[PDB]
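Heads up, the thing below is written out as structure tokens.
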Amino acid sequence: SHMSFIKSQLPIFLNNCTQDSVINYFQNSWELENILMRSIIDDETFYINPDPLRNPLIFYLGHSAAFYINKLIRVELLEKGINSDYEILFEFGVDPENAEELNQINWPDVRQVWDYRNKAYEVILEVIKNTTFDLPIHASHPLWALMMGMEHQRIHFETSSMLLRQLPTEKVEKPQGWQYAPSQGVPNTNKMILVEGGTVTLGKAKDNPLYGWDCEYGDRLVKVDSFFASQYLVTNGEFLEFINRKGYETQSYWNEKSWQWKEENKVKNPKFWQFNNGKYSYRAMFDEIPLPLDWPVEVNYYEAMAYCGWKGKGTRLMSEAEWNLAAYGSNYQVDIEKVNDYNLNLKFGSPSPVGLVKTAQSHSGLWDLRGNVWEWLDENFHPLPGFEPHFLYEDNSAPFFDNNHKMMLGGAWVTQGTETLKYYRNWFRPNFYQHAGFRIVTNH
Ligand SMILES: C[N+](C)(C)[C@@H](Cc1cnc[nH]1)C(=O)O
Ligand SMILES: [Cl-]
Ligand SMILES: [Fe+3]
Ligand code: NA
């Protein structure tokens with residue numbers, strides 16, 4: 001039916017974060033990332049940076065482990081680290097504007113970084129077993145460091161999965177039980193649905209009993225006018241029509257910045273398509289397969305907007321407030337079990353046909369607002385009123401309130417943890433590739 005053999009534990013309310021439940025959730029966070037890292041066949045592949053805007057894979061093998069250690073030291077739950085050189089080397093990731101910036105380090109051996117991981121795992125597990133979990137946990141409790149570490153690791157499962165997908169298939173091995181969604185399927189008609197206007201409140205209250213990142217908090221009331229939105233995410237088959245109507249070759253659908261990006265990278269189609277013998281194949285995590293015509297297309301923001309340009313007629317993307325209104329209405333009590341109703345949390349090992357998951361239609365009538373692939377939004381990443389950086393990670397989001405990052409919401413098939421729930425806010429530079437697609441909007 002769907003992926004079952006590789007299983008991801010649902011997140012836990014801070015009022016239920018018992019020592020036993022957290023041990024299980026920590027072990028699961030870490031085992032999942034181990035399964036992903038073990039899919040690289042040859043240790044020399046760890047010195048490749050398959051995405052030219054991100055670090056070599058060796059860095060991501062050590063990074064999630066160093067992050068836990070650094071934050072437990074900062075709250076004084078650990079009195080010393082495991083390797084101070086590695087805790088520096090693996091500390092900070094990257095967000096360059098171009099490949100040259102990043103290109104401009106002696107990495108350790110792969111076996112030395114696995115050793116570091118295994119030692120860190122045992123040190124953290126002992127902290128967990130030796131600390132009292134006085135419920136409830138909260139943002140001024142030292143164990144917030146541990147909750148932050150587990151979510152950071154699950155976020156890096158998702159962003160590392162995109163790096164492994166950019167390696168040649170011959171360099172990776174599919175883990176036992178990895179299961180893609182059914183792919184045969186021509187898409188259904190993608191109808192425009194009227195979403196009735198109303199008021200939404202964005203943000204998260206300080207004492208909400210769920211872990212979250214600083215940029216999730218605050219309070220913003222927004223009056224949202226009615227709008228039309230496509231009931232499905234734009235599919236591979238819809239986007240193939242744009243390609244066949246010279247979408248990548250027509251300047252008027254683009255703008256100068258996005259056209260420059262397209263030309264510089266010689267782009268003729270979405271990143272994970274290849275044209276051979278008269279037809280497109282598609283690169284799933286570990287295998288090439290015939291293009292799944294009814295799955296959501298995966299594009300960066302530039303490509304999403306070019307398709308909007310081809311549609312014409314004021315076609316555009318949703319704002320953050322518009323997505324929230326469509327997904328959650330005007331209400332809200334999170335029900336964590338509802339994550340099972342969407343293509344989230346490794347329900348599948350890939351995107352799914354739009355509409356296949358029959359529980360995934362929001363009350364507004366739109367399908368896969370939650371799950372399947374993130375959806376891009378026409379919204380510069382920005383703080384909500386009441387935003388405050390957290391002492392444990394002051395630079396988490398504030399550097400990126402710079403009008404150079406667009407938002408995306410709702411989670412993908414690969415998304416885990418509190419990132420699958422209502423409050424998480426995601427953001428990327430508009431040229432970046434994620435497990436991410438879009439739907440189209442018109443005012444009238
Ligand atoms: C919020 N995104 C997903 C854009 C972040 C998450 C993150 C990882 N390590 C620190 N923050 C990113 O990938 O830079
Ligand atoms: Cl919910
Ligand atoms: Fe990180
Ligand atoms: Na979505």
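Quick one: is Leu384 away from ligand 2 (no atom under 15 Å from the Cβ), of a type in the set (A, V, I, L, M, F, W, C) and under 28 Å from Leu194 (Cβ atoms)? The answer is yes for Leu384.
Looking across region 306-345, the residues that are surrounded by fewer than 21 Cβ atoms within 10 Å (Cβ to Cβ) and in a loop (DSSP other than H, G, I, E, B) come down to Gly312, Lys313, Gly314, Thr315, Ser319, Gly329, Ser330, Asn331, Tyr332, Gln333, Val334, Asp335. Given the condition surrounded by 21 or more Cβ atoms within 10 Å (Cβ to Cβ) and of a type in the set (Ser, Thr, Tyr), answer yes or no: does some residue in region 237-251 qualify? The answer is no; no qualifying residue exists.
Going residue by residue through region 389-400, is there one that turns out to be outside any loop (DSSP other than H, G, I, E, B), within 16 Å of ligand 4 (Cβ to nearest atom), farther than 21 Å from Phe428 by Cα and not polar (S, T, N, Q)? Within region 389-400, not a single residue is outside any loop (DSSP other than H, G, I, E, B), within 16 Å of ligand 4 (Cβ to nearest atom), farther than 21 Å from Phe428 by Cα and not polar (S, T, N, Q).
Given the criterion touching a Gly at 6+ places or on another chain (Cβ under 7 Å) and closer than 20 Å to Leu202 by Cβ, identify the matching residue among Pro385, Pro389.
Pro385
Restricting attention to region 132-171 and to residues that are acidic (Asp, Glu) and buried (at least 17 other Cβ atoms within 10 Å of the Cβ), the residue that is farthest from the chain's Cα centre (by Cα) turns out to be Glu151. Of all the residues in region 322-341, those that are on the phi < 0 side of the Ramachandran plot, away from ligand 4 (no atom under 16 Å from the Cβ) and touching a strand residue (DSSP E or B) at 6+ places or on another chain (Cβ under 8 Å) number 1. Being part of a helix (DSSP H, G or I) and aliphatic (A, V, I, L, M): is that true of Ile193 here? No; evaluated as a whole, the condition is false for this residue. If the condition is being polar (S, T, N, Q) and assigned to a helix (DSSP H, G or I), then region 18-67 contributes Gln19, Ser21, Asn24, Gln27, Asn28, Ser29, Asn34, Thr45, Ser64.
The requirement of being among the polar types (S, T, N, Q), within 16 Å of ligand 2 (Cβ to nearest atom) and under 27 Å from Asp51 (Cα atoms) is fulfilled nowhere in region 426-440; no residue meets it.
Residues in region 252-271 that are hydrophobic (A, V, I, L, M, F, W, C) and buried (at least 19 other Cβ atoms within 10 Å of the Cβ): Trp254 only.
Yes/no per residue for (1) surrounded by 20 or more Cβ atoms within 10 Å (Cβ to Cβ); (2) assigned by TED's automatic domain parsing to the domain that holds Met148:
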| site | (1), (2) |
| --- | --- |
| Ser1 | no, no |
| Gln9 | no, no |
| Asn28 | no, yes |
| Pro50 | no, yes |
| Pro56 | no, yes |
| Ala66 | yes, yes |
| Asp85 | no, yes |
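Regarding region 414-422, can at least one residue be identified that is away from ligand 2 (no atom under 16 Å from the Cβ) and more than 11 Å from the chain's Cα centre (by Cα)? There is no residue in region 414-422 that is away from ligand 2 (no atom under 16 Å from the Cβ) and more than 11 Å from the chain's Cα centre (by Cα). Scanning region 174-200 for residues that are β-branched (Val, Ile, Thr) and crowded, with 19+ Cβ neighbours inside 10 Å, we see that the one that is farthest from the chain's Cα centre (by Cα) is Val195. Of the residues in region 415-427, none is part of a loop (DSSP other than H, G, I, E, B), within 15 Å of ligand 4 (Cβ to nearest atom), among the β-branched types (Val, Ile, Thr) and in contact with a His (Cβ under 7 Å, 6 or more places away or on another chain). The residue that is farthest from ligand 1 (Cβ to nearest atom), counting only those in region 401-414 that are closer than 30 Å to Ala181 by Cα and assigned to a loop (DSSP other than H, G, I, E, B), is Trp413. Could you list all residues from region 281-321 that are of a type in the set (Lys, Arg) and at positive phi? Answer for region 281-321, where residues must be of a type in the set (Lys, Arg) and at positive phi: just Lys313. Scanning region 104-113 for residues that are surrounded by fewer than 18 Cβ atoms within 10 Å (Cβ to Cβ) and either within 26 Å of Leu143 (Cα to Cα) or aliphatic (A, V, I, L, M) (or both) yields a single hit, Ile105.
Scanning region 358-377 finds one or more residues that are assigned to a loop (DSSP other than H, G, I, E, B), of a type in the set (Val, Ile, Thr) and buried (at least 21 other Cβ atoms within 10 Å of the Cβ). Per the listing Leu293, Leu240, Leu233, the residue uniquely under 20 Å from the mean Cα position of the chain (by Cα) and closer than 16 Å to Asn190 by Cβ is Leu233.
Numbers and lists here come from the model and the stated rules, or from a named source; these are not laboratory values. FYI the Cβ positions are ideal-geometry reconstructions off the backbone, even for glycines, and counts take in every protein chain you see.
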